[PDB]
Every structure is written in C-alpha cells, then in structure tokens.
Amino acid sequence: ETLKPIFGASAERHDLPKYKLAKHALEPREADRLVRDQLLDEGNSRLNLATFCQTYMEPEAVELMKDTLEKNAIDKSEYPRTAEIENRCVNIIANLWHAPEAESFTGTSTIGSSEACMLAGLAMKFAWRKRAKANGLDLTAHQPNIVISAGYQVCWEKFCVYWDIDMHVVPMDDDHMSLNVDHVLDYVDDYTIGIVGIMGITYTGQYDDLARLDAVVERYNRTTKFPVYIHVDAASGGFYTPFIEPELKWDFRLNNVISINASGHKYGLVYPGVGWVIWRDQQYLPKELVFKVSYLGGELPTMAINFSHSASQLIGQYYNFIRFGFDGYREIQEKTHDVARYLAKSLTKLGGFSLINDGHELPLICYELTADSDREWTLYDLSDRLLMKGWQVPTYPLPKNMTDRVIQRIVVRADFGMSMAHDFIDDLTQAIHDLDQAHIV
C-alpha cells in the first residue's frame, strides 16, 4: 500500500473525484500530493497585483497562525484568552482612530469589511427606524436609503439588496473621483439611514473628503428631526492612513463619524480572514442587534453575522500590532507608498499611459491607455501578456458616469519590493514591445 510509489499509485493513473466521494481512503502522502498538485497552476500570490489582500506574513506569524487554527473566535467562554486578545485589538484600533474617551466605543472582529459594513448598516437601519416611528413617518411610502459614492465596493450593494434599502448613488466624474460632498444634500431625505464615506476607494485609490462631509452633516442635523450620521468604510485606508497622514481628520475626531470598518487583511498586514468594526458609542448600536454570550460566568455583548470561525487571523493581527508597533507599521506603509510612487513615475516615463490616480493617497495606481489610432490592442491584451510573466493585473470599467473608461489598477502591498517593481517595469516594457508588433487580436 505505502509500498506504491507516490507517482506509481493507482490514484495517479485516474482523475480526481469531481462529483462524488470515492469509496476508499488514500494514504496521507497520496491525498496530500494530489491536492497540492491541483493547486500548482494558479497565480503565485506575490505577483498578484489586483488585490488589496495580503500575500506575505513573517514566518513567525505564519507558524503562530498555524498553531492556533483550532481556536474558535466566537467561543468566548472556552477561549477567554483569545477573546482578551480580540478585545485588546479593538481597543488598539479604537485609539488609532481617535475614539473619544468620553464615549464608550464597542467593536468586534469580523471575517472582513463586508460583514463589518453590513453590521454598521444594520445598526444605522435600526436606529433610523426608531427615529422614524417616533416622528410619525410613513414606513410604507419609500424604502430606507443610504447615500454613498459610486465607488462603493460590492458589499454595499449586497447590503442594500439583502435588507431592502435604496441606494442613493452619488456619481463620479472627471473632477470628482471621490464622493461629491458639495452635492451630498441632494441625496439625503427623511428615509436616509446614514451616509457612507469611503476612506480608500477600491476602484480609484482616493479618499472621500470626510472632514467636509462631517461639516455639512453637522449643519444639516440642526435643520431636521431626521438627523443623519457618517459610517466610514476604511477597508483599506484604516490601517494605512493613520501611519502616513496622521493629521488628516477622517476618523472619530469627526463628531458625526459614528462607526468605522477596516480589513486586517488589507493594509492591516494579515492574511485573509479578519476585519474590524468600531462604533464610537454603545448608543449607536441598537440593543436588539446585540446577542449576549457567556464570559467569566457572566456576560459580554456581540455583534456578529458569522458564528464559528478561525481565530488565527485575529491572533495574527495582535502579533502584527506587538511586532511592528506604530513605527514598524509606518515604515512598512512608507516603503509601500514609495514603491507606488516609483511605479506611477515609471508609467509616465514610458508614455502611452494616462494616470487616473498616481498613488498620492492609497498605494494604488490607476491608468488607461491614451487614445492612439495605430494601436490594435486594449488593456485586456496587456493583462494577457503580463500573465505570461506571472503578473496578474486586472482590466475593468469605471463606475457610473465613467462606464466608458476602461482602466487597469496596480495595488502595491508590503511584499511588493522596490527590486520586484523594477523587474515588473522591465516585464511591462517587453509586453508593450511584443504587443506593438503582434499580428493576432
């Protein structure tokens, strides 16, 4: 049985189970080799330039994550030490976002910013509904709505479809590639549950002007009995911007920012599987959304869509916090910023590229092809050629009012080093040369 060579065994002579469980078990070495082999031919994650999600952690953190895979992040009474870590993380992030000590912030780890955005939105919906009932607003006339920029990530569309919320979408244009705050009051009405500000737009790399939105909202709220507050989607900005622009006011320093989310597995430096949501004060969380759990043979409040899941990633987040601290994070984000700027400068130096975003805010570059009548090929062709050399660079359309603009994004993470970025620009230069003399589509 183990006498069989791994690549002489019966299982290596047949296809893998695709529709049903095979009758018999296999040796651990055989199953292992077959599963790993199915995975060989997908992009090496380090060359995936299409994602915010982290593709490197230090070996110590990898080993640590491995050793805590059995831990169950929901089970506070059985894993009270993991639950303490989570609490420390929430405190740490709250302080990073200037949660005021005069109010009692609450928050939680989530699987990612999607779960967090949905919880935040649900908190807004439920708080809005109590206001609406008390002011005799007719709940059958219209659906509640939220106001958000057209750069929204798909989780906000899921939130709206799943919970019967209209989306009041503030479109982008050539000058407003972030929320047009000057016009935001045109989308607000009695049924508005809140306004989402995006601190790092997935499509463009740009910050919404949260400080200006906060000023407008402060003034709007004196004029109505249907006040409206800000949720910040800082999926990506939340772990980046405090270390490189600490004086930019986007967070709980703004009076009307009531909740904030971020993904640990974006610029929090953790592999996929953790996000974070924080409410400035226990009142911006309606009690009917809080399910209470056993802890210290007593009680703790929880806001959660998921139940059981791995604590590995939240532990990893604490490992990062302790390991890097403020200065370590800052050094990492600064080098990331620097590679993004080298890249934006390299693409203008090559010509044929017009930069939509040059990496001044998030470390992300967006560009389109400058129109040239003597070019058969599109960015789709460029993405194909770059795959030949390992690189994944996605091509996509901009969101509404710029759906005629086709772009490519490069997102730069902590493990995209300066040397690898010089290599990328070589590979990219050769691709442009190869496509300039191509004879097929």
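The numbering used is simple: start at 1 and walk along the sequence shown.
Here 378-386 and 34-42 are compared by their mean Cα B-factor, and 378-386 comes out higher. Of the two stretches examined, 159-167 and 309-317, the record assigns the greater average C-alpha temperature factor to 159-167. Take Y229, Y284, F126, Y240 and read off each C-alpha B-factor from the entry; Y284 has the highest.
Among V339, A102, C117, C366, the highest C-alpha B-factor recorded in the PDB entry belongs to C366. Remark: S149 belongs to the middle third of its chain, ranked by C-alpha B-factor as recorded. The deposited CA B-factor of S294 belongs to the highest third of values across its chain.
The PDB entry assigns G112 a C-alpha temperature factor belonging to the lowest third of its chain's modelled residues. In the PDB entry, a CA B factor belonging to the lowest third of its chain's modelled residues is recorded for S259. When the CA B factors of the chain's modelled residues are split into thirds, the value for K225 lands in the highest one.
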